[PDB]
file protein-v1.pdb (PDB, C-alpha atoms)
ATOM      1  CA  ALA A  56       0.000   0.000   0.000  1.00  0.00           C
ATOM      2  CA  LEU A  57       2.965   2.336  -0.594  1.00  0.00           C
ATOM      3  CA  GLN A  58       1.663   5.912  -0.505  1.00  0.00           C
ATOM      4  CA  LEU A  59       4.181   7.595  -2.778  1.00  0.00           C
ATOM      5  CA  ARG A  60       4.063  11.409  -2.782  1.00  0.00           C
ATOM      6  CA  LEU A  61       6.444  12.903  -5.340  1.00  0.00           C
ATOM      7  CA  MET A  62       7.051  16.593  -4.653  1.00  0.00           C
ATOM      8  CA  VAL A  63       8.899  18.890  -7.068  1.00  0.00           C
ATOM      9  CA  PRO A  64      10.270  21.994  -5.284  1.00  0.00           C
ATOM     10  CA  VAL A  65       9.894  24.968  -7.616  1.00  0.00           C
ATOM     11  CA  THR A  66      11.193  28.393  -6.598  1.00  0.00           C
ATOM     12  CA  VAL A  67       8.968  30.921  -8.353  1.00  0.00           C
ATOM     13  CA  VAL A  68      10.762  34.244  -7.974  1.00  0.00           C
ATOM     14  CA  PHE A  69       9.148  37.535  -8.992  1.00  0.00           C
ATOM     15  CA  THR A  70      11.098  40.534 -10.231  1.00  0.00           C
ATOM     16  CA  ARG A  71      10.217  44.076  -9.225  1.00  0.00           C
ATOM     17  CA  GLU A  72       7.526  45.645 -11.424  1.00  0.00           C
ATOM     18  CA  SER A  73       6.342  42.227 -12.601  1.00  0.00           C
ATOM     19  CA  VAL A  74       3.280  41.266 -10.522  1.00  0.00           C
ATOM     20  CA  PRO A  75       1.413  44.018  -8.628  1.00  0.00           C
ATOM     21  CA  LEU A  76      -2.280  43.661  -7.895  1.00  0.00           C
ATOM     22  CA  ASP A  77      -4.794  46.483  -7.476  1.00  0.00           C
ATOM     23  CA  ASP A  78      -4.293  46.974  -3.722  1.00  0.00           C
ATOM     24  CA  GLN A  79      -1.388  44.689  -2.751  1.00  0.00           C
ATOM     25  CA  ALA A  80       1.875  44.368  -4.664  1.00  0.00           C
ATOM     26  CA  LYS A  81       3.778  41.275  -3.512  1.00  0.00           C
ATOM     27  CA  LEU A  82       4.095  38.623  -0.774  1.00  0.00           C
ATOM     28  CA  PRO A  83       6.754  35.909  -0.091  1.00  0.00           C
ATOM     29  CA  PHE A  84       4.502  32.870   0.420  1.00  0.00           C
ATOM     30  CA  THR A  85       4.006  29.278  -0.753  1.00  0.00           C
ATOM     31  CA  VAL A  86       1.325  27.453  -2.743  1.00  0.00           C
ATOM     32  CA  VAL A  87       0.924  23.776  -3.598  1.00  0.00           C
ATOM     33  CA  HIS A  88      -0.435  21.860  -6.580  1.00  0.00           C
ATOM     34  CA  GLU A  89      -1.497  18.214  -6.231  1.00  0.00           C
ATOM     35  CA  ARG A  90      -2.162  15.994  -9.250  1.00  0.00           C
ATOM     36  CA  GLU A  91      -2.786  12.499  -7.823  1.00  0.00           C
ATOM     37  CA  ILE A  92      -2.358   9.987 -10.649  1.00  0.00           C
ATOM     38  CA  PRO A  93      -5.027   7.240 -10.641  1.00  0.00           C
ATOM     39  CA  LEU A  94      -3.717   3.700 -10.205  1.00  0.00           C
ATOM     40  CA  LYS A  95      -5.501   0.354 -10.318  1.00  0.00           C
ATOM     41  CA  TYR A  96      -3.596  -1.273  -7.430  1.00  0.00           C
ATOM     42  CA  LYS A  97      -3.084  -0.503  -3.744  1.00  0.00           C
ATOM     43  CA  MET A  98      -0.045   1.690  -4.427  1.00  0.00           C
ATOM     44  CA  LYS A  99      -0.818   5.297  -5.346  1.00  0.00           C
ATOM     45  CA  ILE A 100       1.094   8.326  -6.641  1.00  0.00           C
ATOM     46  CA  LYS A 101       0.566  12.020  -5.896  1.00  0.00           C
ATOM     47  CA  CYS A 102       2.568  14.564  -7.888  1.00  0.00           C
ATOM     48  CA  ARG A 103       3.144  17.695  -5.803  1.00  0.00           C
ATOM     49  CA  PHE A 104       4.487  21.098  -6.841  1.00  0.00           C
ATOM     50  CA  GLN A 105       5.598  23.436  -4.041  1.00  0.00           C
ATOM     51  CA  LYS A 106       5.679  26.927  -5.531  1.00  0.00           C
ATOM     52  CA  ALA A 107       7.759  29.278  -3.387  1.00  0.00           C
ATOM     53  CA  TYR A 108       6.678  32.780  -4.434  1.00  0.00           C
ATOM     54  CA  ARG A 109       9.112  35.470  -3.293  1.00  0.00           C
ATOM     55  CA  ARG A 110      10.488  38.914  -4.237  1.00  0.00           C
ATOM     56  CA  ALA A 111      13.489  38.998  -6.644  1.00  0.00           C
ATOM     57  CA  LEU A 112      16.923  39.506  -4.962  1.00  0.00           C
ATOM     58  CA  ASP A 113      18.833  42.852  -5.250  1.00  0.00           C
ATOM     59  CA  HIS A 114      21.451  41.210  -7.573  1.00  0.00           C
ATOM     60  CA  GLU A 115      18.761  39.332  -9.530  1.00  0.00           C
ATOM     61  CA  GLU A 116      17.609  42.498 -11.297  1.00  0.00           C
ATOM     62  CA  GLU A 117      21.236  43.289 -12.157  1.00  0.00           C
ATOM     63  CA  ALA A 118      21.622  39.820 -13.666  1.00  0.00           C
ATOM     64  CA  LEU A 119      18.296  40.114 -15.495  1.00  0.00           C
ATOM     65  CA  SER A 120      17.436  42.447 -18.412  1.00  0.00           C
ATOM     66  CA  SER A 121      20.369  41.554 -20.671  1.00  0.00           C
ATOM     67  CA  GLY A 122      19.216  38.701 -22.916  1.00  0.00           C
ATOM     68  CA  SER A 123      17.747  35.341 -21.965  1.00  0.00           C
ATOM     69  CA  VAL A 124      20.828  33.119 -22.212  1.00  0.00           C
ATOM     70  CA  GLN A 125      23.059  35.915 -20.888  1.00  0.00           C
ATOM     71  CA  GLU A 126      20.989  36.452 -17.743  1.00  0.00           C
ATOM     72  CA  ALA A 127      20.565  32.691 -17.298  1.00  0.00           C
ATOM     73  CA  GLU A 128      24.348  32.407 -17.146  1.00  0.00           C
ATOM     74  CA  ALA A 129      24.506  35.580 -15.023  1.00  0.00           C
ATOM     75  CA  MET A 130      22.453  33.922 -12.271  1.00  0.00           C
ATOM     76  CA  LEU A 131      25.772  32.201 -11.375  1.00  0.00           C
ATOM     77  CA  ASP A 132      23.800  28.928 -11.655  1.00  0.00           C
ATOM     78  CA  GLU A 133      23.749  29.085  -7.812  1.00  0.00           C
ATOM     79  CA  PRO A 134      25.664  25.823  -7.194  1.00  0.00           C
ATOM     80  CA  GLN A 135      23.904  24.032  -4.351  1.00  0.00           C
ATOM     81  CA  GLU A 136      23.395  20.607  -2.785  1.00  0.00           C
ATOM     82  CA  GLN A 137      20.810  18.118  -4.085  1.00  0.00           C
ATOM     83  CA  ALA A 138      19.393  20.557  -6.635  1.00  0.00           C
ATOM     84  CA  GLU A 139      18.227  17.754  -8.939  1.00  0.00           C
ATOM     85  CA  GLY A 140      14.467  17.636  -9.382  1.00  0.00           C
ATOM     86  CA  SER A 141      14.080  21.280  -8.356  1.00  0.00           C
ATOM     87  CA  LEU A 142      12.917  24.036 -10.686  1.00  0.00           C
ATOM     88  CA  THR A 143      13.494  27.789 -10.727  1.00  0.00           C
ATOM     89  CA  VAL A 144      11.126  30.161 -12.527  1.00  0.00           C
ATOM     90  CA  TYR A 145      11.895  33.869 -12.879  1.00  0.00           C
ATOM     91  CA  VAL A 146       8.803  35.997 -13.519  1.00  0.00           C
ATOM     92  CA  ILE A 147       9.265  39.119 -15.636  1.00  0.00           C
ATOM     93  CA  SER A 148       7.059  42.014 -16.743  1.00  0.00           C
ATOM     94  CA  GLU A 149       4.969  42.076 -19.918  1.00  0.00           C
ATOM     95  CA  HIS A 150       7.192  44.498 -21.838  1.00  0.00           C
ATOM     96  CA  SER A 151      10.451  42.811 -20.842  1.00  0.00           C
ATOM     97  CA  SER A 152      12.990  42.564 -23.660  1.00  0.00           C
ATOM     98  CA  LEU A 153      14.047  39.042 -22.640  1.00  0.00           C
ATOM     99  CA  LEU A 154      11.444  37.076 -24.586  1.00  0.00           C
ATOM    100  CA  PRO A 155      10.978  38.861 -27.891  1.00  0.00           C
ATOM    101  CA  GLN A 156       7.394  40.047 -28.211  1.00  0.00           C
ATOM    102  CA  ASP A 157       4.780  37.444 -27.283  1.00  0.00           C
ATOM    103  CA  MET A 158       6.519  34.323 -25.938  1.00  0.00           C
ATOM    104  CA  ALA A 159       4.845  34.120 -22.540  1.00  0.00           C
ATOM    105  CA  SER A 160       7.467  31.709 -21.187  1.00  0.00           C
ATOM    106  CA  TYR A 161      10.900  30.162 -21.704  1.00  0.00           C
ATOM    107  CA  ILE A 162      12.654  26.932 -20.701  1.00  0.00           C
ATOM    108  CA  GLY A 163      16.430  26.935 -20.361  1.00  0.00           C
ATOM    109  CA  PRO A 164      18.790  24.029 -20.883  1.00  0.00           C
ATOM    110  CA  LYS A 165      18.791  23.534 -17.122  1.00  0.00           C
ATOM    111  CA  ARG A 166      16.421  23.607 -14.150  1.00  0.00           C
ATOM    112  CA  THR A 167      15.514  27.231 -14.913  1.00  0.00           C
ATOM    113  CA  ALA A 168      12.656  28.947 -16.724  1.00  0.00           C
ATOM    114  CA  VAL A 169      11.504  32.518 -17.344  1.00  0.00           C
ATOM    115  CA  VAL A 170       7.819  33.438 -17.539  1.00  0.00           C
ATOM    116  CA  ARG A 171       5.944  36.687 -18.156  1.00  0.00           C
ATOM    117  CA  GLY A 172       3.658  38.344 -15.606  1.00  0.00           C
ATOM    118  CA  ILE A 173       0.581  40.204 -16.818  1.00  0.00           C
ATOM    119  CA  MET A 174       0.006  42.784 -14.076  1.00  0.00           C
ATOM    120  CA  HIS A 175      -3.712  42.917 -13.351  1.00  0.00           C
ATOM    121  CA  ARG A 176      -6.341  42.195 -10.693  1.00  0.00           C
ATOM    122  CA  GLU A 177      -5.481  38.528 -10.130  1.00  0.00           C
ATOM    123  CA  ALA A 178      -1.820  38.364 -11.235  1.00  0.00           C
ATOM    124  CA  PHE A 179      -1.403  35.243  -9.071  1.00  0.00           C
ATOM    125  CA  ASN A 180      -3.964  32.793 -10.418  1.00  0.00           C
ATOM    126  CA  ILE A 181      -3.101  33.206 -14.099  1.00  0.00           C
ATOM    127  CA  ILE A 182       0.570  33.310 -13.124  1.00  0.00           C
ATOM    128  CA  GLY A 183       0.067  30.183 -11.024  1.00  0.00           C
ATOM    129  CA  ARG A 184      -1.473  28.401 -13.996  1.00  0.00           C
ATOM    130  CA  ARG A 185       1.425  29.467 -16.225  1.00  0.00           C
ATOM    131  CA  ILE A 186       3.898  28.260 -13.593  1.00  0.00           C
ATOM    132  CA  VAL A 187       2.234  24.872 -13.269  1.00  0.00           C
ATOM    133  CA  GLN A 188       2.096  24.579 -17.072  1.00  0.00           C
ATOM    134  CA  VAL A 189       5.800  25.364 -17.481  1.00  0.00           C
ATOM    135  CA  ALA A 190       6.710  23.127 -14.535  1.00  0.00           C
ATOM    136  CA  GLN A 191       4.797  20.138 -15.888  1.00  0.00           C
ATOM    137  CA  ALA A 192       6.397  20.773 -19.274  1.00  0.00           C
ATOM    138  CA  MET A 193       9.735  20.823 -17.414  1.00  0.00           C
ATOM    139  CA  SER A 194       9.323  18.088 -14.796  1.00  0.00           C
ATOM    140  CA  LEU A 195       6.890  15.452 -13.543  1.00  0.00           C
ATOM    141  CA  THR A 196       3.907  15.394 -15.832  1.00  0.00           C
ATOM    142  CA  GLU A 197       1.577  12.395 -15.972  1.00  0.00           C
ATOM    143  CA  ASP A 198       3.337  10.852 -18.982  1.00  0.00           C
ATOM    144  CA  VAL A 199       6.849  10.914 -17.492  1.00  0.00           C
ATOM    145  CA  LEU A 200       5.749   8.223 -15.039  1.00  0.00           C
TER     146      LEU A 200
END

call {"tool": "encode", "arguments": {"input": "protein-v1.pdb", "output": "structure tokens"}}
result
Amino acid sequence: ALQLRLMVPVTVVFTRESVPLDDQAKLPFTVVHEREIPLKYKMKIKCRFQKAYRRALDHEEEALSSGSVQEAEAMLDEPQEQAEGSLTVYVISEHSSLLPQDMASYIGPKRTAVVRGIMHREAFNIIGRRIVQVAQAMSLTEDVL
């Protein structure tokens, strides 16, 4: 009856001037996404995404706004321990020069991605859906397993 619960830690990090709402601008909080895969035996699988919304770092803006591959290198790759399976998603403004005109997202040749925020009333639900879409295109969809 093994109750497997696969969780993919994704650090969704928002740049300044990328996701303000009408009354509140930003908050460093956490959301979860569960996508329990149906199985026909006692064992069961739950795919979990732990989105880690937070404000962009002081040096992250410096690294950003240069050109997608350039900034991706400029993040220093942040060498860390047991980073496999984790994702990092940088959220940018609509009129950012990184992705040319209308590409709402971007997937690097690594555990990193860059997505575009759309700056309106919700700004967190549509962004959350884009994050889960890019994450499942980047790690742990239903067809990988």

call {"tool": "closest_residue", "arguments": {"input": "protein-v1.pdb", "among": "A:70, A:141, A:158, A:77", "to": "residue 117 in chain A", "atoms": "only C-alpha atoms"}}
result
A:70

call {"tool": "residues_around", "arguments": {"input": "protein-v1.pdb", "residues": "range 84-96 of chain A", "least_positions_apart": "6", "cutoff": "6 Å", "atoms": "all atoms listed in the file", "output": "ChimeraX atom specification"}}
result
/A:102-108

call {"tool": "atom_distance", "arguments": {"input": "protein-v1.pdb", "atom1": "CA of residue 178 in chain A", "atom2": "CA of residue 73 in chain A"}}
result
9.1 Å

call {"tool": "residues_around", "arguments": {"input": "protein-v1.pdb", "residues": "residue 110 in chain A", "least_positions_apart": "5", "cutoff": "12 Å", "atoms": "only C-alpha atoms", "output": "CSV table (one decimal) with C-alpha atoms, in the coordinates of the input"}}
result
chain,number,residue,atom,x,y,z
A,66,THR,CA,11.2,28.4,-6.6
A,67,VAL,CA,9.0,30.9,-8.4
A,68,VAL,CA,10.8,34.2,-8.0
A,69,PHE,CA,9.1,37.5,-9.0
A,70,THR,CA,11.1,40.5,-10.2
A,71,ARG,CA,10.2,44.1,-9.2
A,72,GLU,CA,7.5,45.6,-11.4
A,73,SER,CA,6.3,42.2,-12.6
A,74,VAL,CA,3.3,41.3,-10.5
A,75,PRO,CA,1.4,44.0,-8.6
A,80,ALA,CA,1.9,44.4,-4.7
A,81,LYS,CA,3.8,41.3,-3.5
A,82,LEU,CA,4.1,38.6,-0.8
A,83,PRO,CA,6.8,35.9,-0.1
A,84,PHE,CA,4.5,32.9,0.4
A,115,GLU,CA,18.8,39.3,-9.5
A,116,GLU,CA,17.6,42.5,-11.3
A,145,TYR,CA,11.9,33.9,-12.9
A,146,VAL,CA,8.8,36.0,-13.5
A,147,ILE,CA,9.3,39.1,-15.6

call {"tool": "residues_around", "arguments": {"input": "protein-v1.pdb", "residues": "residue 153 in chain A", "least_positions_apart": "2", "cutoff": "10 Å", "atoms": "all atoms listed in the file", "output": "list in words"}}
result
residues 119, 120, 121, 122, 123, 124, 125, 126, 147, 148, 149, 150, 151, 155, 156, 158, 160, 161, 169, 170 and 171 of chain A

call {"tool": "closest_residue", "arguments": {"input": "protein-v1.pdb", "among": "A:193, A:168, A:76, A:130", "to": "residue 113 in chain A", "atoms": "all atoms listed in the file"}}
result
A:130

call {"tool": "axis_aligned_box", "arguments": {"input": "protein-v1.pdb", "around": "range 125-140 of chain A", "padding_each_side": "6 Å", "output": "lines of an AutoDock Vina configuration file"}}
result
center_x = 20.1
center_y = 27.0
center_z = -11.8
size_x = 23.3
size_y = 30.8
size_z = 30.1

call {"tool": "closest_residue", "arguments": {"input": "protein-v1.pdb", "among": "A:195, A:111, A:131, A:186", "to": "residue 172 in chain A", "atoms": "all atoms listed in the file"}}
result
A:186

call {"tool": "resolve_selection", "arguments": {"input": "protein-v1.pdb", "expression": "the PyMOL selection byres ((chain A and resi 61) around 7)", "output": "MDAnalysis selection string"}}
result
chainID A and resid 59:60 62:63 101:103

call {"tool": "closest_residue", "arguments": {"input": "protein-v1.pdb", "among": "A:78, A:128, A:157, A:198", "to": "residue 177 in chain A", "atoms": "only C-alpha atoms"}}
result
A:78

call {"tool": "atom_distance", "arguments": {"input": "protein-v1.pdb", "atom1": "CA of residue 152 in chain A", "atom2": "CA of residue 165 in chain A"}}
result
20.9 Å

call {"tool": "atom_distance", "arguments": {"input": "protein-v1.pdb", "atom1": "CA of residue 79 in chain A", "atom2": "CA of residue 188 in chain A"}}
result
24.9 Å

call {"tool": "decode", "arguments": {"input": "protein-v1.pdb", "residues": "range 143-165 of chain A", "atoms": "N, CA, C and O atoms", "output": "PDB file, in the first residue's frame"}}
result
ATOM      1  N   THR A 143      13.437  26.367 -11.036  1.00  0.00           N
ATOM      2  CA  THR A 143      13.494  27.789 -10.727  1.00  0.00           C
ATOM      3  C   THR A 143      12.820  28.547 -11.857  1.00  0.00           C
ATOM      4  O   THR A 143      13.151  28.333 -13.027  1.00  0.00           O
ATOM      5  N   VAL A 144      11.873  29.418 -11.521  1.00  0.00           N
ATOM      6  CA  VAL A 144      11.126  30.161 -12.527  1.00  0.00           C
ATOM      7  C   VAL A 144      11.186  31.641 -12.183  1.00  0.00           C
ATOM      8  O   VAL A 144      10.626  32.066 -11.168  1.00  0.00           O
ATOM      9  N   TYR A 145      11.829  32.424 -13.041  1.00  0.00           N
ATOM     10  CA  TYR A 145      11.895  33.869 -12.879  1.00  0.00           C
ATOM     11  C   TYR A 145      10.738  34.512 -13.631  1.00  0.00           C
ATOM     12  O   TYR A 145      10.541  34.244 -14.818  1.00  0.00           O
ATOM     13  N   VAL A 146       9.979  35.357 -12.944  1.00  0.00           N
ATOM     14  CA  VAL A 146       8.803  35.997 -13.519  1.00  0.00           C
ATOM     15  C   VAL A 146       9.190  37.422 -13.894  1.00  0.00           C
ATOM     16  O   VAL A 146       9.758  38.155 -13.079  1.00  0.00           O
ATOM     17  N   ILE A 147       8.901  37.810 -15.130  1.00  0.00           N
ATOM     18  CA  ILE A 147       9.265  39.119 -15.636  1.00  0.00           C
ATOM     19  C   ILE A 147       8.008  39.875 -16.052  1.00  0.00           C
ATOM     20  O   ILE A 147       6.913  39.322 -16.118  1.00  0.00           O
ATOM     21  N   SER A 148       8.170  41.165 -16.340  1.00  0.00           N
ATOM     22  CA  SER A 148       7.059  42.014 -16.743  1.00  0.00           C
ATOM     23  C   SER A 148       6.636  41.713 -18.181  1.00  0.00           C
ATOM     24  O   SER A 148       7.309  40.992 -18.922  1.00  0.00           O
ATOM     25  N   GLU A 149       5.496  42.291 -18.573  1.00  0.00           N
ATOM     26  CA  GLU A 149       4.969  42.076 -19.918  1.00  0.00           C
ATOM     27  C   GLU A 149       5.929  42.596 -20.979  1.00  0.00           C
ATOM     28  O   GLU A 149       6.268  41.887 -21.931  1.00  0.00           O
ATOM     29  N   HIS A 150       6.375  43.841 -20.832  1.00  0.00           N
ATOM     30  CA  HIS A 150       7.192  44.498 -21.838  1.00  0.00           C
ATOM     31  C   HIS A 150       8.679  44.240 -21.647  1.00  0.00           C
ATOM     32  O   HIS A 150       9.501  45.044 -22.103  1.00  0.00           O
ATOM     33  N   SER A 151       9.044  43.152 -20.980  1.00  0.00           N
ATOM     34  CA  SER A 151      10.451  42.811 -20.842  1.00  0.00           C
ATOM     35  C   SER A 151      11.042  42.437 -22.195  1.00  0.00           C
ATOM     36  O   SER A 151      10.383  41.812 -23.031  1.00  0.00           O
ATOM     37  N   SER A 152      12.293  42.831 -22.410  1.00  0.00           N
ATOM     38  CA  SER A 152      12.990  42.564 -23.660  1.00  0.00           C
ATOM     39  C   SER A 152      13.553  41.154 -23.738  1.00  0.00           C
ATOM     40  O   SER A 152      14.096  40.781 -24.784  1.00  0.00           O
ATOM     41  N   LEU A 153      13.446  40.371 -22.665  1.00  0.00           N
ATOM     42  CA  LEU A 153      14.047  39.042 -22.640  1.00  0.00           C
ATOM     43  C   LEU A 153      13.431  38.142 -23.704  1.00  0.00           C
ATOM     44  O   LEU A 153      14.110  37.706 -24.640  1.00  0.00           O
ATOM     45  N   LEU A 154      12.150  37.854 -23.574  1.00  0.00           N
ATOM     46  CA  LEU A 154      11.444  37.076 -24.586  1.00  0.00           C
ATOM     47  C   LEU A 154      10.818  38.022 -25.603  1.00  0.00           C
ATOM     48  O   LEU A 154      10.158  38.991 -25.211  1.00  0.00           O
ATOM     49  N   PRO A 155      10.991  37.766 -26.907  1.00  0.00           N
ATOM     50  CA  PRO A 155      10.978  38.861 -27.891  1.00  0.00           C
ATOM     51  C   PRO A 155       9.741  39.747 -27.900  1.00  0.00           C
ATOM     52  O   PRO A 155       9.845  40.942 -27.603  1.00  0.00           O
ATOM     53  N   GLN A 156       8.586  39.203 -28.235  1.00  0.00           N
ATOM     54  CA  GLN A 156       7.394  40.047 -28.211  1.00  0.00           C
ATOM     55  C   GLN A 156       6.200  39.395 -27.536  1.00  0.00           C
ATOM     56  O   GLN A 156       5.458  40.074 -26.824  1.00  0.00           O
ATOM     57  N   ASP A 157       5.999  38.095 -27.734  1.00  0.00           N
ATOM     58  CA  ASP A 157       4.780  37.444 -27.283  1.00  0.00           C
ATOM     59  C   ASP A 157       5.007  36.064 -26.687  1.00  0.00           C
ATOM     60  O   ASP A 157       4.027  35.404 -26.326  1.00  0.00           O
ATOM     61  N   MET A 158       6.248  35.603 -26.577  1.00  0.00           N
ATOM     62  CA  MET A 158       6.519  34.323 -25.938  1.00  0.00           C
ATOM     63  C   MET A 158       6.312  34.471 -24.439  1.00  0.00           C
ATOM     64  O   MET A 158       7.129  35.084 -23.749  1.00  0.00           O
ATOM     65  N   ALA A 159       5.207  33.919 -23.936  1.00  0.00           N
ATOM     66  CA  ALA A 159       4.845  34.120 -22.540  1.00  0.00           C
ATOM     67  C   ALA A 159       5.781  33.401 -21.580  1.00  0.00           C
ATOM     68  O   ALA A 159       5.744  33.682 -20.378  1.00  0.00           O
ATOM     69  N   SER A 160       6.617  32.492 -22.069  1.00  0.00           N
ATOM     70  CA  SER A 160       7.467  31.709 -21.187  1.00  0.00           C
ATOM     71  C   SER A 160       8.710  31.261 -21.947  1.00  0.00           C
ATOM     72  O   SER A 160       8.900  31.581 -23.123  1.00  0.00           O
ATOM     73  N   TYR A 161       9.573  30.540 -21.239  1.00  0.00           N
ATOM     74  CA  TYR A 161      10.900  30.162 -21.704  1.00  0.00           C
ATOM     75  C   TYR A 161      11.449  29.071 -20.803  1.00  0.00           C
ATOM     76  O   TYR A 161      11.335  29.168 -19.581  1.00  0.00           O
ATOM     77  N   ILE A 162      12.088  28.075 -21.409  1.00  0.00           N
ATOM     78  CA  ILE A 162      12.654  26.932 -20.701  1.00  0.00           C
ATOM     79  C   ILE A 162      14.127  26.831 -21.072  1.00  0.00           C
ATOM     80  O   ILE A 162      14.457  26.602 -22.242  1.00  0.00           O
ATOM     81  N   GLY A 163      15.016  26.995 -20.088  1.00  0.00           N
ATOM     82  CA  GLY A 163      16.430  26.935 -20.361  1.00  0.00           C
ATOM     83  C   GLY A 163      16.924  25.513 -20.470  1.00  0.00           C
ATOM     84  O   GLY A 163      16.186  24.541 -20.270  1.00  0.00           O
ATOM     85  N   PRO A 164      18.209  25.369 -20.796  1.00  0.00           N
ATOM     86  CA  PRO A 164      18.790  24.029 -20.883  1.00  0.00           C
ATOM     87  C   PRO A 164      19.253  23.538 -19.525  1.00  0.00           C
ATOM     88  O   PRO A 164      20.311  22.914 -19.401  1.00  0.00           O
ATOM     89  N   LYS A 165      18.443  23.796 -18.508  1.00  0.00           N
ATOM     90  CA  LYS A 165      18.791  23.534 -17.122  1.00  0.00           C
ATOM     91  C   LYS A 165      17.490  23.503 -16.326  1.00  0.00           C
ATOM     92  O   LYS A 165      16.407  23.348 -16.900  1.00  0.00           O
TER      93      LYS A 165
END
